[PDB]
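Have a look at the structure below, then the notes.
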Amino acid sequence: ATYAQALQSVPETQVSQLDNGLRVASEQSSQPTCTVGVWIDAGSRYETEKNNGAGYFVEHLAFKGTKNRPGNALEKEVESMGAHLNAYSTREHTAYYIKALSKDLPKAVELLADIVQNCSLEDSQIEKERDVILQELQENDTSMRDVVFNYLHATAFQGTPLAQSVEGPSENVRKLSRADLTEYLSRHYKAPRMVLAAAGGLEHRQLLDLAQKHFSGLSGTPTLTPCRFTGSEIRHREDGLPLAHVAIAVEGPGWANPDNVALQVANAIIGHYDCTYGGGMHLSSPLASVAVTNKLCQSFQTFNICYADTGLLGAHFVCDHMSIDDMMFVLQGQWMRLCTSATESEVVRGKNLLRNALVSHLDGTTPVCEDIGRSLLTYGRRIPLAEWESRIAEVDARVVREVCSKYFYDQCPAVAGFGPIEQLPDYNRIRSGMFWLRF
Amino acid sequence: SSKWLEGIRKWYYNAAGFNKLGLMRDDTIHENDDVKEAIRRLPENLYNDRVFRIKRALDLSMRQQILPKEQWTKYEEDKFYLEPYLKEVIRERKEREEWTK
Amino acid sequence: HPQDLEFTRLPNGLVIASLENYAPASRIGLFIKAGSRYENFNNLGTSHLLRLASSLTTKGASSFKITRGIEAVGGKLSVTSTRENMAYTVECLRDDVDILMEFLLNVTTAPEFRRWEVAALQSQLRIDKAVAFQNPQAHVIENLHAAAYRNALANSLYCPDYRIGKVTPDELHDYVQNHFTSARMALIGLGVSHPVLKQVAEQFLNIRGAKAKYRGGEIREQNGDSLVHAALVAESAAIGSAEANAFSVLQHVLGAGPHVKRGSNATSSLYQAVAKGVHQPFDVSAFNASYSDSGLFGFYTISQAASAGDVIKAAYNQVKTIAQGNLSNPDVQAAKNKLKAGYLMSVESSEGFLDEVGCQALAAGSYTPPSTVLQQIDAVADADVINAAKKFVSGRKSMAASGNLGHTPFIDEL
């Protein structure tokens with residue numbers, strides 16, 4: 001078997017549309033398990049200034065009492081049939097998904113529609129979850145990485161709704177009453193913006209029939225402006241911490257470009273290193289080789305994040321307070337080396353890393369069904385991986401260096417620093433290190 | 001033919017002069033990053049004998065006096081010890097070059 | 001799907017198994033009985049230094065060529081270790097199985113371990129131990145397995161404080177030569193064919209301790225981190241038997257990890273008992289660890305520094321009153337559905353399936369299909385559950401606790 005063999009033989013992701021704009025999607029395989037969820041294209045981007053945090057609030061309250069199954073009957077029936085249940089909400093997307101057993105398909109679909117469209121709001125529950133969400137705000141204040149990415153979004157999209165954090169500010173947490181939450185629920189979750197995704201050992205006919213049964217009566221019947229990528233520098237100096245956390249991003253292309261595939265090849269070249277890895281001095285990234293040779297940083301991950309027709313092309317390193325500038329210089333040197341004179345062999349290494357990471361990621365049930373949700377919301381169609389192989393074969397060194405000269409080279413970064421960052425350069429030193437006069 | 005070459009090599013080793021100061025063949029090696037790597041990869045007792053022979057050689061060139069005749073390290077009793085370490089260092093350097101080419 | 005899994009013990013001693021599916025990712029697992037339990041009191045931390053030594057030079061391939069070739073085909077070479085087993089798992093796309101097969105053979109059966117790389121790897125050992133024990137759970141479980149066995153299960157996953165730097169390649173050669181034999185090896189393939197693995201292991205391997213007693217005891221740690229951790233653990237059962245299956249049923253009766261995120265865990269009984277007793281931010285879970293000769297069953301609690309004692313007393317009285325004959329058979333069926341779900345959904349993805357199939361083939365020397373495993377989980381009876389809880393009660397305890405230990409019972413005051 002080869003790539004034509006292993007890529008032709010793939011399940012097919014049969015999709016359909018129920019007559020409410022309800023986008024339903026299934027994928028079948030031979031293992032006896034299922035992953036069934038509702039992906040919803042409504043997060044914190046759609047929330048205004050006074051209603052920040054209601055989405056995170058909903059995904060807290062979505063398991064705490066429906067009308068037909070009250071407060072503990074939902075969790076009792078779920079853990080009585082023996083299934084896992086999970087939910088999250090980013091700044092755009094929100095997912096409720098059940099990892100369940102194959103013979104529990106109709107009960108899972110019934111409980112999932114009851115979670116979606118019939119959430120009760122008892123005021124005892126709103127008091128409990130107000131206290132719990134304030135305590136989780138104070139918990140997530142400690143994890144430095146999420147503080148850094150919230151800094152990075154809040155300084156890269158200054159003023160737009162995209163700078164709103166997921167949980168929202170705390171005074172906007174302790175003041176939301178029930179009526180605003182009911183208005184939120186009755187506005188966002190209606191007609192086209194929800195996908196019933198189902199991966200694993202199920203039947204597409206049964207899944208379509210159960211959607212047709214339970215999501216009847218949902219009866220769904222005006223946003224998404226472009227956003228401003230400002231580019232700035234925020235620093236939160238705190239000298240009582242052992243590590244410096246620095247993220248830096250420029251603007252990425254978005255969801256709908258082949259330039260996204262090109263920058264995925266580039267960030268597969270630059271990529272990730274951590275302090276616990278095996279084999280230090282001989283790694284393929286020159287950045288990682290220098291950073292082990294001189295012991296600059298503890299870790300970095302250099303990456304891409306795409307939002308609806310925008311995105312950050314980012315790099316985030318956790319390093320000691322004595323070598324921020326050296327790590328910064330070597331990072332911008334590697335960016336400009338890929339921008340100007342990147343040869344063919346390292347592009348081939350990037351294509352191999354992209355293929356291996358993509359295929360090894362889309363394996364199992366849960367990443368497959370996550371891919372179905374985010375692929376029907378953002379694109380409009382789930383791309384089979386043969387087409388990703390085609391768009392990898394449409395990439396040589398020339399397209400990579402032209403697109404990296406289009407995006408990395410000579411832009412205004414968003415720099416976000418947290419910790420002991422005195423040796424972090426001032427913003428014009430980042431600019432004079434960004435472009436080349438060939439230095 | 002055979003021993004004529006051996007006569008050349010033994011005569012050149014007598015007329016070199018470092019054998020008269022208590023040195024062996026691999027105590028007068030030029031240092032680049034390769035030979036610094038090879039010195040770093042040595043064992044302990046040979047490294048201690050290396051720094052002791054070097055320190056005696058620097059003393060006996062400090063007062064510029066050559067050792068008495070009986071303590072000169074003759075040919076074919078010296079250790080050619082650094083050769084496999086330095087050989088592996090040069091092989092790895094050429095391996096990096098011809099892999100990245 | 002015309003290809004089910006294939007299984008063949010080559011009579012030099014080793015086990016080759018495979019599963020040819022049409023999945024584009026190819027995995028090669030190589031499972032070795034060389035974990036921490038095969039050490040003595042003189043080469044501690046040789047397992048850990050051996051674990052961090054994947055990328056050293058082999059007889060036939062230097063370390064630069066190994067690292068750059070593996071990352072040129074972009075396969076993941078990972079080394080995972082439990083107290084019984086080490087596991088060299090190398091995965092990639094199916095067009096580059098042969099070169100990674102060769103590097104796998106190199107790292108296994110061409111060991112060199114030169115000295116300067118060993119020193120750099122000592123520094124790597126210390127940093128890895130720090131990153132590992134920034135979690136409290138690892139230190140609690142390591143004091144747990146140190147306080148419940150006098151013998152080979154009391155060997156740590158990690159190298160201790162003082163042996164960092166004083167482990168030499170002599171002990172590395174010794175441990176490799178007498179714990180990597182041709183009978184203690186399971187070569188598992190996912191996505192490859194059986195005759196290719198037969199060629200590999202038939203051509204290129206050709207090479208050719210003591211049971212653990214129960215001890216009973218306690219280990220406490222004054223750490224002052226305002227979260228008392230406490231594990232109360234008694235000897236339960238060896239692996240393989242329906243006795244161990246009954247203890248698995250018992251831990252799903254008592255309480256496991258949270259199935260519902262940000263939930264209340266109203267099916268778990270221990271959480272309801274302690275929540276009736278105590279009104280705090282707390283956590284109680286069960287703990288079933290299983291090994292070849294023995295195994296541990298107990299519970300594992302995280303509480304505030306004030307009232308850990310009330311938590312542990314309430315949980316202990318709950319386990320006693322389940323042991324004295326007070327439970328419901330629909331609760332047993334809910335426990336069995338949880339166990340069926342846990343076993344069928346621990347083998348969905350690649351690495352979990354590889355680990356399950358490889359340990360299952362290596363330990364008992366033979367494979368068992370998943371459907372009859374579900375049938376045997378169904379066949380466990382209720383008097384077995386009551387007798388397993390009675391065996392937990394009537395056995396000697398063992399306790400490991402960490403944190404601000406001002407209000408923790410020791411043995412008698414449980």
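Chains: A, B, ... in order of the structure tokens. Residues: from 1 per chain. Ligands: from 1, in order shown.
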Problem - Long-range neighbours of range 82-88 of chain B as a PyMOL selection string, 10 Å cut-off, only C-alpha atoms, 4 positions minimum in chain - result: chain B and resi 25-27+29+34-42+46+92-94
Exercise for the section: Just the strand (DSSP E) stuff from range 105-229 of chain A, please, per backbone DSSP, written as a list in words. Expected result: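 Answer for range 105-229 of chain A, restricted to strand (DSSP E): residues 194, 195, 196, 197, 198, 199 and 200 of chain A.
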Could you build a table of the residues in chain A lying no more than 12 Å from chain B, giving for each the nearest pair of atoms and their separation in Å rounded to one decimal place, using only C-alpha atoms, ordered by chain and ascending residue number, as CSV?
residue,atom,partner,partner_atom,distance
A:282,CA,B:96,CA,9.8
A:284,CA,B:100,CA,10.6
A:286,CA,B:100,CA,11.8
A:343,CA,B:101,CA,11.2
A:344,CA,B:101,CA,11.7
A:345,CA,B:100,CA,9.2
A:346,CA,B:100,CA,10.1
Exercise for the section: Just the residues within 9 Å of residue 416 in chain A, please, counting only C-alpha atoms, with nothing from its chain fewer than 2 positions along; format it as a PyMOL selection string. Expected result: chain A and resi 148-149+151-153+155+232-236+245-249+414+418
Practice task
Specify as a PyMOL selection string all residues of chain A found within 6 Å of chain C, counting only C-alpha atoms.
Solution key: chain A and resi 6+80+82+84-86+276+279+282+349+352-353+364
Completion exercise
For residue 399 in chain C, the closest of C:243, C:112, C:218, C:170 counting only C-alpha atoms is C:218
Practice task
May I have the residues within 8 Å of residue 194 in chain C as a list in words, using only C-alpha atoms and disregarding those fewer than 4 positions away in the same chain?
Solution key: residues 6, 16, 17, 18, 189 and 198 of chain C
Would you mind exporting the chosen residues as a compact mmCIF listing (two decimals), in the first residue's frame, restricted to C-alpha atoms?
# COMPACT_ATOMS: atom_id res chain seq x y z
CA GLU C 6 -2.18 -12.10 13.41
CA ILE C 16 5.44 -11.02 16.65
CA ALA C 17 1.91 -9.75 16.23
CA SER C 18 0.35 -7.40 13.73
CA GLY C 189 2.86 -3.88 14.21
CA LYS C 198 9.01 -11.96 10.64
